[PDB]
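To keep things clear, I will list the structure first and then write my remarks on it.
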Amino acid sequence: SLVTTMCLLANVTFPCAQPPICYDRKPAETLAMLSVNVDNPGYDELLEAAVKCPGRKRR
């Protein structure tokens, strides 16, 4: 089968592209999460997603 790219948070797995939250909500947690996924090939996907800004806006 094809494999999606998975990243780790806690003892849970999730798509690297789609983490549950971002930097603005909790900066410490986000960085910690990024550090945990340093080894993973998906890491850059995770960095991009974690780093981008929020939903409450028109554009």
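Residues in the structure tokens are numbered from 1 in each chain, the chains being A, B, ... in the order shown, and ligands are numbered from 1 in the order shown.
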
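All residues of protein, DNA or RNA that reach within 12 Å of residue 9 (chain A), judged by only C-alpha atoms and not counting those fewer than 4 positions away in the chain, are residues 13, 14, 15, 16, 18, 19, 20, 21, 29, 30, 31, 32, 33, 34, 35, 36, 37, 38, 40 and 46 of chain A.
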
Using only C-alpha atoms, please write the residues we just selected to a file, as a PDB file, in the first residue's frame.
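Written output follows (selection39.pdb):
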ATOM      1  CA  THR A  13       0.545   9.649  15.133  1.00  0.00           C
ATOM      2  CA  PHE A  14      -0.866  12.256  12.758  1.00  0.00           C
ATOM      3  CA  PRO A  15      -0.263  13.536   9.275  1.00  0.00           C
ATOM      4  CA  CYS A  16       2.792  15.771   9.235  1.00  0.00           C
ATOM      5  CA  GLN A  18      -1.884  18.516   9.419  1.00  0.00           C
ATOM      6  CA  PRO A  19      -0.998  19.013  13.042  1.00  0.00           C
ATOM      7  CA  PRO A  20      -3.731  19.777  15.528  1.00  0.00           C
ATOM      8  CA  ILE A  21      -2.555  23.317  16.399  1.00  0.00           C
ATOM      9  CA  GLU A  29       4.283  22.987  22.759  1.00  0.00           C
ATOM     10  CA  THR A  30       4.809  23.595  19.066  1.00  0.00           C
ATOM     11  CA  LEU A  31       8.561  23.822  19.317  1.00  0.00           C
ATOM     12  CA  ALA A  32       8.666  20.742  21.504  1.00  0.00           C
ATOM     13  CA  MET A  33       6.592  18.896  18.935  1.00  0.00           C
ATOM     14  CA  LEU A  34       8.921  19.966  16.129  1.00  0.00           C
ATOM     15  CA  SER A  35      11.937  18.781  18.083  1.00  0.00           C
ATOM     16  CA  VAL A  36      10.306  15.400  18.548  1.00  0.00           C
ATOM     17  CA  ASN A  37       9.973  15.005  14.798  1.00  0.00           C
ATOM     18  CA  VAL A  38      13.492  15.982  13.847  1.00  0.00           C
ATOM     19  CA  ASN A  40      11.191  12.051  10.529  1.00  0.00           C
ATOM     20  CA  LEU A  46       5.395  19.708   9.832  1.00  0.00           C
TER      21      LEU A  46
END

inquiry  = Need the shell around residue 51 (chain A): protein/DNA/RNA residues with any atom at most 7 Å away, counting only C-alpha atoms. Skip same-chain ones fewer than 4 positions apart. Format as a ChimeraX atom specification?
reply    = /A:22-23,47

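All residues within chain A that the backbone DSSP calculation assigns to strand (DSSP E) are residues 6, 7, 8, 9, 12, 13, 14 and 15 of chain A.
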
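One distance worth recording is that between CA of residue 52 (chain A) and CA of residue 24 (chain A), which is 9.2 Å.
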
message = I need the alpha helix (DSSP H) residues of chain A per DSSP on the backbone, written as a PyMOL selection string.
response = chain A and resi 27-36+43-51

Write the residues of the preceding selection, restricted to C-alpha atoms, as a compact mmCIF listing (two decimals), in the first residue's frame.
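So the final result, stored in result13.txt, reads:
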# COMPACT_ATOMS: atom_id res chain seq x y z
CA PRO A 27 4.55 28.34 21.34
CA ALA A 28 6.29 26.00 23.76
CA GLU A 29 4.28 22.99 22.76
CA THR A 30 4.81 23.59 19.07
CA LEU A 31 8.56 23.82 19.32
CA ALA A 32 8.67 20.74 21.50
CA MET A 33 6.59 18.90 18.93
CA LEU A 34 8.92 19.97 16.13
CA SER A 35 11.94 18.78 18.08
CA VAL A 36 10.31 15.40 18.55
CA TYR A 43 9.67 17.11 9.35
CA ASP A 44 9.68 19.92 6.76
CA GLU A 45 5.98 19.36 6.12
CA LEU A 46 5.40 19.71 9.83
CA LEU A 47 7.48 22.87 10.07
CA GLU A 48 5.60 24.55 7.29
CA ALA A 49 2.20 23.72 8.75
CA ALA A 50 3.11 24.56 12.36
CA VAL A 51 4.58 27.91 11.31

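What separates CA of residue 55 (chain A) from CA of residue 12 (chain A) is a distance of 24.3 Å.
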
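A straight line drawn from CA of residue 59 (chain A) to CA of residue 26 (chain A) is 22.9 Å long.
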